[PDB]
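Basis for what follows: all heavy atoms, side chains included, without hydrogens, waters or symmetry-related copies. A note on names: the letters A, B, ... follow the listed sequences, proteins ahead of strands, and every chain is numbered from 1. All ligand and atom numbering here is 1-based and tracks the order in the structure.
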Amino acid sequence: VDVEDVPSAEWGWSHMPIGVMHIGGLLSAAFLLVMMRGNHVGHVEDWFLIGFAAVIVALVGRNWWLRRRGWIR
Amino acid sequence: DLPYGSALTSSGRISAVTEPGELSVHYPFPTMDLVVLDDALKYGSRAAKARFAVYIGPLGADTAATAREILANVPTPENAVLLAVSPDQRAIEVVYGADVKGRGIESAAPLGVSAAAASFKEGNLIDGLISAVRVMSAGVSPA
Amino acid sequence: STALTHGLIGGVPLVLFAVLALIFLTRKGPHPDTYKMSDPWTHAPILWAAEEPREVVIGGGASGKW
Amino acid sequence: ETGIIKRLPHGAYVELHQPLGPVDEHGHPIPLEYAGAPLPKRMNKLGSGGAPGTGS
Amino acid sequence: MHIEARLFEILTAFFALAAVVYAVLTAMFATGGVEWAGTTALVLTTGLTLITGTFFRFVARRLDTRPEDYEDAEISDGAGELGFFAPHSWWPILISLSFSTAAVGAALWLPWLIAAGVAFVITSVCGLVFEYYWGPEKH
Amino acid sequence: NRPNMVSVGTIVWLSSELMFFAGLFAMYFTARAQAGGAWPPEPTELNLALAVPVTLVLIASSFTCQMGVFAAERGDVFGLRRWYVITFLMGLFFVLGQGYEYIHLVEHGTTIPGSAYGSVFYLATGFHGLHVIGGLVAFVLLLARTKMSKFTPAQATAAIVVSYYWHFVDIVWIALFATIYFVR
Amino acid sequence: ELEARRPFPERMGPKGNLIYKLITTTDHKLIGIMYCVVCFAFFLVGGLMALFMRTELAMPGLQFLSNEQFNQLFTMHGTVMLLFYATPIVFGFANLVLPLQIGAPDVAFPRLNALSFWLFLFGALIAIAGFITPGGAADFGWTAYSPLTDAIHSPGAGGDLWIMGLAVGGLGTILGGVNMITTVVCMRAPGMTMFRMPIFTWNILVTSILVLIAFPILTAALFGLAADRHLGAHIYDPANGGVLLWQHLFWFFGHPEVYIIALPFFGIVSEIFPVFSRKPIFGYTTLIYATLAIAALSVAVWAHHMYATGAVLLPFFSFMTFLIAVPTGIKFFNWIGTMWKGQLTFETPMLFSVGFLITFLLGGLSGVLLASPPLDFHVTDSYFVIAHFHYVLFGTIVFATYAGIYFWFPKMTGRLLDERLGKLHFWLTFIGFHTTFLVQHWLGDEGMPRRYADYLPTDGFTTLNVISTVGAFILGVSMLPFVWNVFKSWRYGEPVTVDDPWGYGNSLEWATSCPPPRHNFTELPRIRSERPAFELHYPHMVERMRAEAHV
Ligand code: HEA
Ligand code: HEA
Ligand SMILES: CCCCCCCCCCCCCC(=O)O[C@H](COC(=O)CCCCCCCCCCC)COP(=O)(O)O
Ligand SMILES: CCCCCCCCCCCCC
Ligand SMILES: CCCCCCCCCCCCC
Ligand SMILES: [Ca+2]
Ligand SMILES: [Cu+2]
Ligand SMILES: [Mg+2]
């Protein structure tokens, strides 16, 4: 990062690599999906896990595509 | 002298209007291509700490002298780089301020012209300017 | 019946969306056509400059012609 | 930002600003550099409110 | 501000007429006599416009023609400082959070949560009132 | 000249507050019409030996509050504090006087769930008592602001608008006191 | 004469350009913008509630919803879509243009204006939060009749959260109404007299007065209702007479409230018709009188919702309700006169306003039918009502809302929404709404009551319910083009470099840049009529307007 994005860039840690957040997002959705393997008999919670995992995957994919096409940096 | 529907305010500002359903900018280029050019101009100047300018239009009889006067309109002329392209004259002129001298622009000025020219034979105007800005901004050090 | 009821609810909105979209989205917008090199530059002169960095002697320049 | 809105004779609405340092040719001040210290944002913290008066 | 007070007086007259007519029209024709819940609201609806209308009347007779009350007024007539307007404040969101905390406590009938919400509201309101009056720290 | 923006806002909001009490009055009047002859019914026995002295104290608080307004317009911040402290103390006595009357009424069988009269009586007077308590908080907050900065015309305006709320509260009680303890 | 400009306007601000502004803003423009996003979030949330109901009423029998879930659905749907979407967006547009219309730099109380937004947002969330409770949210309807809302008949915490959520939101509405009255009275620019303001500003000032009459009484009634459920009071006891007591107060709130969400949107179209007709607003003085008459008449007609109770004076309220039809009819004749002998181009703000005139009238005609007790004796509490109030509430809080958004989007963005995508959205919305709500007139008359989760196959309501279900999903898919248009045109829309993108604007906001600066005005023109912007932009028409003003 530079000054215009983070004004206090030289005053401390202000940059986090995008790969960590993208991989962490995929692992976040993977952890949501694997939790369907449990002793619960109901499926209402299973659909909530699927929806959140899909939302996280969509956000990660949207950010990766925008970063690849150069729309955002 | 003002256009239809345009008025001069008390503070000197111009209050203009446009007919409904019409555009106020109407640049003859696609919106997405303009965004890419802005990103090249904004990010290229940021990584170079020198304002980058793009001009499209006539350059008179002598293209070299015309670009010198045009650069005066660019904010902070001393630290500004102007790329002038004349589609009718088929000429490319690059002019930079005094502060840009000695910063590595002399090796990137022909680089931008050649890169822009190569894309100009293909019928791509915005693409040529985008390519010229990228290579010219990548050969200029901060400050 | 039950098959016809579900088909109309899920089919008519999608069919109407497609028909109506083709009527309007295929029209030409107010954006001007892309300039071509063969055509002469009839537009007004354009001066573009970036806003960065935030706020006359010429050090030289280069020429070219295509 | 002092929070005081003043209407100019031509109708311009401007907010009175208190510079934290030296001022250039006209009203606008010269921008200072960040020093890692908190910057005042309330005019009352700068003493503009005065004192109520000595007494019980 | 003659017109501003005239608007409330016009509403005051209609509300007073409706309250009197409807009260006297239910006392002899509605089943059960006067409609109370219904009449009380109409009578005090007049008071809402009466209080605002009377105050605007008194204010208008004190001050002369304002630049915005002049048919043909010039822009430069209103030049000068208008007053104090808050540039920024995070206190209002804290007041809403404080009030919502008490409401949740009241909805679920939690006496501890209601007491916390009331204390939060007073603390949050105090910050809003004292935001532009706290003096410099004396160290 | 200039219209007082804060005074206009307070007066406009005060008129809206009157509609809040309109709902409370409607509940009391609706229940009164369904009494059938006993209003208030047994064993409720209102006494004027306690309501009248407490009501007079609240009425007298308006005079002291208005005296502080004159000091505020005169620029005498210390005179404003003296009159508002006295108004706060007598306003506090109204809450304690009302609370003392509540204890005896509850002990005699008049409660919110006990009777329909208890519901209309307590919510009507209790919500007004909450307004008095809210007014007492306004007095403390305004008095605390007077020691923070110099007495400015904006500071004097805040004193005036606070007295507007106190005058509105006192006027509302007079309507409640006459409606409950006299129009039976 | 070469001026340096960016090839495109900046799509979005840098990191950290909004988050601290959202919670600390005192600017009405940003606050008004936060209203629209939250209002549309609740619009989509409340719209999904109706889709579940509509898809359940498609075939006889409970396929996927129970009686309790359906009962919770319309209660929360109505509460969200009247109080959490319609009422706030009245102040959503008011925080946008009203300070600009009167030539003011800000609202009277910037801090109190921001408090209203957060108070409303947290109040709305509390009421919706009843769904996560095991018992469910409120299932007694938005009119919350007594003693159904009683602890004995509504013991769950969802109803309790519904009551307290409305009280918090109601407090914000009262504060917003207080701010608007003070702003109009005190913050007017020099030369802007009372009879020189735009119609929208006139409607908001009138509406704010109605808020102070209605919302406090609702707060008082809800507090008494909360006492019954928690303190065991006898405020609304049937033997005490509280069945009529609650209904009287609630409808004294309700009918002023529907005009709280009607008059401002009457003003919105009143600002769009003159612009796209190249003509002055017809009957400008008459429109103000009509608005005042509507506001005054709306207070003493509260009991026409209570015809079937048999406990109100029918001749008084029937006659007074009929009186409201006259000033409302005058508004149509003024709006039609504005378009008469004009030059109509029918852009998206104009197209939505035209749809308002067609849609509103049919609902208005149904209102006169219900105003007569003999006709109301058969269609009350039936789908004829639901068809009437979704023609009158969709003619304004939606058609006029969309017209105002398309009208004022370039003003507050500097970008223009896509016209081709806007025309698709309008036609989809029109067709879907008409398809889903025209047949409900026959359903209510046939003998189908409102608030019914299930009906028998022998009732004969299956065919019309399926047709209404098809149209409702068209309304659902009509949201995608508008959401896409707002999402794309905000960042990649056509830039606006002029003060008035519509050319013939009349109010003062079109005399400033797009978007306006922090204080909304770097200059002020001379104000001599109700169209200062038109006079400024077209000085040569000053003489023509004065001479041709009277026919
Ligand atoms: C502003 C007011 C308003 C608006 C805009 C609407 C909108 C709609 N309403 Fe509603 N309604 C009322 C106000 C309104 N309603 C009131 C006051 C009641 C009475 C409450 C009561 O009975 O107590 C009522 C009740 C009511 C009834 C009768 C209740 C009964 O059965 O007894 C029906 C009929 O089905 C109905 C249907 C619809 C439909 C199909 C829409 C369409 O407008 C909705 C379609 C809109 C959408 C937006 C679809 C959603 C689209 C999505 C994409 C969802 C996705 C969302 C997310 C992912 C978050 N509503
Ligand atoms: C914007 C919101 C809105 C508006 C504007 C209106 C406008 C009107 N409404 Fe209604 N109404 C509601 C929202 C609205 N309503 C809601 C939400 C409900 C029920 C909610 C619930 O119960 O849950 C309701 C229910 C309701 C009832 C109760 C019925 C019942 O519950 O059984 C009645 C009774 O009279 C009524 C009548 C009217 C009338 C006469 C008008 C008039 O203002 C309309 C007049 C308009 C015109 C007349 C058109 C213009 C005139 C002309 C073009 C000239 C024509 C002249 C003649 C025909 C003489 N409506
Ligand atoms: C609780 C007070 C009891 C005394 C009764 C008489 C009223 C006079 C109070 C004067 C207070 C002076 C404080 C002051 O100026 O300090 C100010 C700071 O103190 C405060 O902000 C106190 C706020 C109190 C909030 C709680 C109110 C509760 C109300 C309950 C009502 C039932 C000034 O500080 P400073 O001079 O800047 O150091
Ligand atoms: C765009 C207007 C749509 C109107 C739909 C009306 C359909 C009526 C069908 C009646 C069928 C009776 C058996
Ligand atoms: C204001 C009256 C509106 C009437 C709408 C009628 C719609 C037609 C329904 C036809 C159903 C045939 C069975
Ligand atoms: Ca079914
Ligand atoms: Cu009605
Ligand atoms: Mg009914």
**Prompt:** Is the closest heavy atom of G:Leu438 to ligand 5 under 4.0 Å?
**Reply:** yes
Pairs under 3.5 angstrom, nitrogen or oxygen on both sides, ligand 2 versus protein: list them out, please.
from: ligand 2; atom 1: 22 (O); to: G:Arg450; atom 2: NH1; distance (Å): 3.4
from: ligand 2; atom 1: 23 (O); to: G:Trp142; atom 2: NE1; distance (Å): 3.0
from: ligand 2; atom 1: 23 (O); to: G:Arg450; atom 2: NH2; distance (Å): 3.1
from: ligand 2; atom 1: 32 (O); to: G:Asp376; atom 2: OD1; distance (Å): 3.2
from: ligand 2; atom 1: 32 (O); to: G:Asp376; atom 2: OD2; distance (Å): 3.2
from: ligand 2; atom 1: 32 (O); to: G:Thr380; atom 2: OG1; distance (Å): 2.8
from: ligand 2; atom 1: 35 (O); to: G:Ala371; atom 2: N; distance (Å): 3.4
from: ligand 2; atom 1: 43 (O); to: G:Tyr259; atom 2: OH; distance (Å): 2.6
from: ligand 2; atom 1: 60 (N); to: G:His388; atom 2: NE2; distance (Å): 3.0

**Message:** Can you report which non-hydrogen protein atom sits closest to atom 7 (C) of ligand 4, along with the distance?
**Reply:** G:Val439 CG1, 4.1 Å
**Prompt:** How far is atom 12 (C) of ligand 4 from its nearest protein heavy atom, and which residue and atom is that?
**Reply:** G:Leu464 CD2, 4.5 Å
**Request:** Please could you name the atoms of ligand 4 that G:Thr435 approaches to less than 4.0 Å, counting only its heavy atoms?
**Result:** 3 (C)
**Prompt:** Are the side chain of G:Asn334 and the backbone N or O of G:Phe282 linked by a donor-acceptor pair below 3.5 Å?
**Reply:** yes
**G:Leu464 backbone acceptor or donor facing G:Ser468 side chain under 3.5 Å** = no
**Message:** Checking a contact table here: which protein heavy atom is nearest atom 13 (C) of ligand 4, and how many Å away?
**Reply:** G:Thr463 CG2, 4.3 Å
**Asked** Between G:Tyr85 and G:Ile397, is there a donor-acceptor pair closer than 3.5 Å when you use the side chain of the first and the backbone of the second?
**Response** yes
**Nearest non-hydrogen protein atom, atom 9 (C) of ligand 4** = G:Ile467 CD1, 3.9 Å
**For atom 1 (C) of ligand 5, the protein heavy atom that lies nearest, with its residue and separation** = G:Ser366 OG, 3.4 Å
**Prompt:** Where is the nearest protein heavy atom to atom 2 (C) of ligand 4: which residue, which atom, and how far?
**Reply:** G:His434 CB, 3.7 Å
**Request:** Would you confirm whether the ring centroid of G:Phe317 sits within less than 6.0 angstrom of the ring centroid of E:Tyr22?
**Result:** yes
**Message:** Centre-to-centre under 6.0 Å for G:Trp408 and G:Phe200, is that the case here?
**Reply:** yes
**Complete:** for atom 10 (C) of ligand 5, nearest protein heavy atom and its distance come out as G:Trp442 CE3, 3.7 Å
